[PDB]
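Undergrad: below is the sequence, then the experimental coordinates.
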Amino acid sequence: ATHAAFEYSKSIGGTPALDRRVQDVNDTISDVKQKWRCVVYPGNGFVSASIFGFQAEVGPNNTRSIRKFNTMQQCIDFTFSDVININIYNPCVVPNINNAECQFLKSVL
């Protein structure tokens, strides 16, 4: 014979047991970590974070820092001012930042 058609058949059957669809319940909602938060960096510069990382500022010599404020209230109000489209950076990632700034983040997250 010279027959090799199958229409749709390439793998075995089987069917869902009671419900064909699966539930959404949380996915990424850790409420305390999703509120946005500010904390006191040593030297009493205030800084902002979430579950996704820290607010970051590029300096004009093409340097980078954690975005810093003079009061907790400036930090909270800037974090609420999200219309700015605020830059965040990922905590302790492939480009190596100072270990003491990472150990502050491990002490806050």
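TA: Sure thing, it's come through. Numbering: from 1, shown residues only.

Undergrad: all contacts plus neighbour counts: C-alpha atoms, from now on.
TA: Fine.

Undergrad: looking at it, residue 48 is touching residue 35, isn't it?
TA: No - judged on Cα atoms under 8 Å, residue 48 makes no contact with residue 35 at a distance of 11.2 Å.

Undergrad: the more surrounded of the two?
TA: residue 48 (24 against 11; other Cα atoms under 10 Å).

Undergrad: show me where the chain has strands.
TA: Secondary structure of the chain (DSSP state E): strands at 37-41, 45-50, 53-59, 63-66, 68-69, 88-89.

Undergrad: just say which of the ones you listed is most tucked in.
TA: The highest average neighbour count among the strands of the chain, using mean count of other Cα atoms under 10 Å, belongs to strand 45-50 at a mean of 21.

Undergrad: and that strand, what does it pack against?
TA: Packed against strand 45-50 by the contact rule (3 or more Cα pairs under 8 Å, 6 or more residues apart in numbering; DSSP states H and E) you find strand 37-41, strand 53-59, strand 68-69, helix 72-80.

Undergrad: between those, which gets nearest to residue 107?
TA: strand 37-41 (10.9 Å; Cα to Cα).

Undergrad: packing partners for that closest one?
TA: On a contact count with 3+ Cα pairs under 8 Å, 6+ apart, strand 37-41 meets strand 45-50, helix 72-80.

Undergrad: how far is that strand from where the chain is centred?
TA: 17 Å (Cα atoms, centre = their mean, to the nearest Å).

Undergrad: what pairs with it, and is each one parallel or antiparallel?
TA: Paired strands of strand 37-41, with direction, are strand 45-50 (antiparallel) (DSSP bridges).

Undergrad: next, the angle from the partner strand to strand 53-59.
TA: Calculated by axes from the mean of the first three to the mean of the last three Cα atoms, to 10 degrees, strand 45-50 forms an angle of 130 degrees with strand 53-59.

Undergrad: what sits up against strand 45-50?
TA: The contact list for strand 45-50 (Cα atoms under 8 Å, 6 or more residues apart in numbering) reads 33-41, 54-55, 66-72, 75-76, 79.
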